[PDB]
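See below for the structure under consideration.
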Amino acid sequence: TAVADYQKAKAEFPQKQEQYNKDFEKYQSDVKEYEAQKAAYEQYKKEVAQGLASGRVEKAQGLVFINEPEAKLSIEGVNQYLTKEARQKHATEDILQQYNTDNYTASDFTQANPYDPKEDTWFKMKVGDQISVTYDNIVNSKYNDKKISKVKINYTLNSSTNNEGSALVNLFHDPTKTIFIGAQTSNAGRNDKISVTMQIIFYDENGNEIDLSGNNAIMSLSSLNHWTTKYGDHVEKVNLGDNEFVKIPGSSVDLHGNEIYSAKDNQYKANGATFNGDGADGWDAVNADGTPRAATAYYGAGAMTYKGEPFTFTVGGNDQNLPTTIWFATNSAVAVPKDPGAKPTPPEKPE
Ligand SMILES: OC[C@H]1O[C@@H](O)[C@H](O)[C@@H](O)[C@@H]1O
Ligand SMILES: OC[C@H]1O[C@@H](O)[C@H](O)[C@@H](O)[C@@H]1O
Ligand SMILES: [Ca+2]
């Protein structure tokens with residue numbers, strides 16, 4: 001028994017030290033992350049408490065526009081819907097290949113919408129051609145206690161990364177999930193981009209457009225990834241136009257001119273990021289509904305006071321042949337720093 005115990009402890013000890021080593025490196029990593037989250041949270045709590053500009057996220061928010069799972073689509077200005085057959089044919093493909101516009105041909109598109117208003121719709125957008133999407137059956141949303149009955153979003157593709165002046169769009173029937181857009185990156189040199197200008201109009205129950213001049217419509221501009229690898233210097237940017245930037249404390253995202261983005265890589269700790277974006281517990285992890293999985297989502301986020309005026313998102317920087325994609329969603333779910341909990345404690349040294 002003493003022998004059994006002894007030989008087991010001896011035999012297991014190498015493994016226990018291996019695991020200890022792993023757990024300690026994790027602890028050291030976790031503490032840097034914890035300190036960062038804690039710093040961001042404390043600054044956020046201060047800004048809310050003291051009424052600094054970033055506190056407007058909690059103090060000025062009159063918009064509730066986060067979950068509209070019953071919304072249905074009415075679309076004007078789209079000429080090239082993806083056929084159901086083509087959608088089906090690409091549904092098993094990896095996301096990048098799904099948005100590789102080189103893998104679609106003209107026979108994959110039709111001028112007649114095959115999608116029910118109640119379902120996510122796929123189409124090719126064309127550079128310069130504004131589309132107008134009306135979303136109604138809006139059940140959960142309001143602005144300053146005006147129930148929202150309908151939302152209209154205009155979208156305009158300004159440029160693409162492909163050489164066809166086009167991008168493939170998955171348009172969510174839920175307007176709070178917005179748009180998933182992508183195209184092949186046809187050219188080398190990382191200087192092409194997908195750029196979409198949008199404008200969102202909310203309507204009240206009487207069908208009138210809602211005046212946002214009370215500056216209570218705080219909208220998320222989350223998941224502005226910037227990664228830099230051998231495969232690209234991929235940067236997601238928003239030009240806020242006449243809307244106002246709301247800085248998220250601790251965020252990698254800041255104002256550079258009238259564009260917001262992360263000036264440095266915010267995707268890989270290996271590239272200097274505070275948090276990794278990738279994986280099920282990376283800062284950029286999302287549910288199918290687009291809702292962040294991660295308390296650290298603030299890190300790749302900004303926000304805006306949305307004044308009802310156009311804004312433009314852009315993504316670009318991929319190397320040639322790596323399709324450029326962005327799920328761009330804006331809604332009232334601003335990603336702010338959250339309570340990181342207890343400081344992680346070092347693991348017990350096995351002895
Ligand atoms: O930035 C747009 C969106 O990108 C997606 O990853 C998710 O739906 C959100 O985290 C974000 O709001
Ligand atoms: O890390 C995953 C990310 O991929 C990017 O290409 C898209 O912009 C994001 O919306 C998503 O946030
Ligand atoms: Ca993103």
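FYI, nothing fancy with the structure tokens labels: chains A, B, ... in order, residues from 1 per chain, ligands from 1 as they appear.
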**OP:** Skip residue 186 (chain A) itself and residues of its chain fewer than 4 positions away, then list as a ChimeraX atom specification all residues within 12 Å of it, counting only C-alpha atoms.
**Re:** /A:100-102,160-167,182,190-194,316-324
Selection above as a file: C-alpha atoms, as a CSV table (one decimal), in the first residue's frame:
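Done, and the output landed in part.csv:
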chain,number,residue,atom,x,y,z
A,100,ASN,CA,-14.8,32.8,-53.5
A,101,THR,CA,-16.6,34.6,-56.3
A,102,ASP,CA,-14.3,32.7,-58.9
A,160,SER,CA,-14.7,44.8,-54.3
A,161,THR,CA,-11.6,42.8,-54.0
A,162,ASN,CA,-12.5,40.9,-57.1
A,163,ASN,CA,-12.1,42.1,-60.7
A,164,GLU,CA,-15.8,41.8,-61.5
A,165,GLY,CA,-17.1,44.8,-59.4
A,166,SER,CA,-19.1,42.4,-57.3
A,167,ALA,CA,-19.4,40.7,-54.0
A,182,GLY,CA,-17.2,38.5,-49.5
A,190,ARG,CA,-3.3,44.0,-50.5
A,191,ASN,CA,-4.8,47.3,-51.6
A,192,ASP,CA,-8.3,46.3,-52.8
A,193,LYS,CA,-11.2,46.3,-50.5
A,194,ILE,CA,-14.8,45.5,-50.2
A,316,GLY,CA,-9.3,44.4,-47.4
A,317,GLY,CA,-5.7,43.6,-47.2
A,318,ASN,CA,-5.8,39.8,-48.0
A,319,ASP,CA,-3.2,38.4,-50.3
A,320,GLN,CA,-4.3,37.4,-53.8
A,321,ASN,CA,-6.5,34.3,-53.9
A,322,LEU,CA,-7.5,34.5,-50.2
A,323,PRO,CA,-11.1,35.6,-50.4
A,324,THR,CA,-12.0,38.6,-48.5
Subject >> Site check for ligand 3: residues at most 6 Å away, only C-alpha atoms and all ligand atoms, as a PyMOL selection string >> reply: chain A and resi 223-225+326-327
Closest pair table for chain A residues within 9 Å of ligand 2, only C-alpha atoms and all ligand atoms, as a tab-separated table:
residue	atom	partner	partner_atom_place_in_ligand_line	distance
A:96	CA	ligand 2	6 (O)	8.9
A:180	CA	ligand 2	10 (O)	7.7
A:182	CA	ligand 2	6 (O)	8.8
A:222	CA	ligand 2	12 (O)	7.9
A:223	CA	ligand 2	12 (O)	4.6
A:224	CA	ligand 2	8 (O)	6.3
A:225	CA	ligand 2	8 (O)	5.9
A:226	CA	ligand 2	5 (C)	8.6
A:227	CA	ligand 2	1 (O)	8.9
A:234	CA	ligand 2	6 (O)	8.0
A:235	CA	ligand 2	8 (O)	8.4
A:236	CA	ligand 2	8 (O)	6.4
A:267	CA	ligand 2	1 (O)	7.3
A:277	CA	ligand 2	1 (O)	5.6
A:278	CA	ligand 2	1 (O)	5.6
A:279	CA	ligand 2	1 (O)	8.3
A:282	CA	ligand 2	1 (O)	8.3
A:283	CA	ligand 2	1 (O)	8.3
A:284	CA	ligand 2	1 (O)	5.3
A:285	CA	ligand 2	1 (O)	7.0
A:286	CA	ligand 2	12 (O)	8.0
A:290	CA	ligand 2	10 (O)	8.9
A:300	CA	ligand 2	12 (O)	8.6
A:315	CA	ligand 2	8 (O)	7.4
A:324	CA	ligand 2	6 (O)	6.9
A:325	CA	ligand 2	6 (O)	4.8
A:326	CA	ligand 2	8 (O)	3.6
A:327	CA	ligand 2	10 (O)	3.7
A:328	CA	ligand 2	10 (O)	5.5
A:329	CA	ligand 2	10 (O)	7.8
**OP:** May I ask which of the residues A:185, A:331, A:305, A:251 is the closest one to residue 291 (chain A), counting only C-alpha atoms?
**Re:**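 Among the listed residues, A:331 lies closest to residue 291 (chain A).
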**OP:** Using DSSP on the backbone coordinates, identify all residues within region 121-338 of chain A classified as strand (DSSP E or B); present the result as a PyMOL selection string.
**Re:** chain A and resi 121-127+131-136+142-143+146-147+150-159+166-171+179-183+193-203+209+218-221+226-229+232-239+244-246+253-256+259-262+286+292+302-305+311-318+324-328
Original post:
Looking at A:247, A:269, A:118, A:293, which one is nearest to residue 56 (chain A), with distances taken over only C-alpha atoms?
Top reply: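 Looking at the shortest contact to residue 56 (chain A), the residue is A:247.
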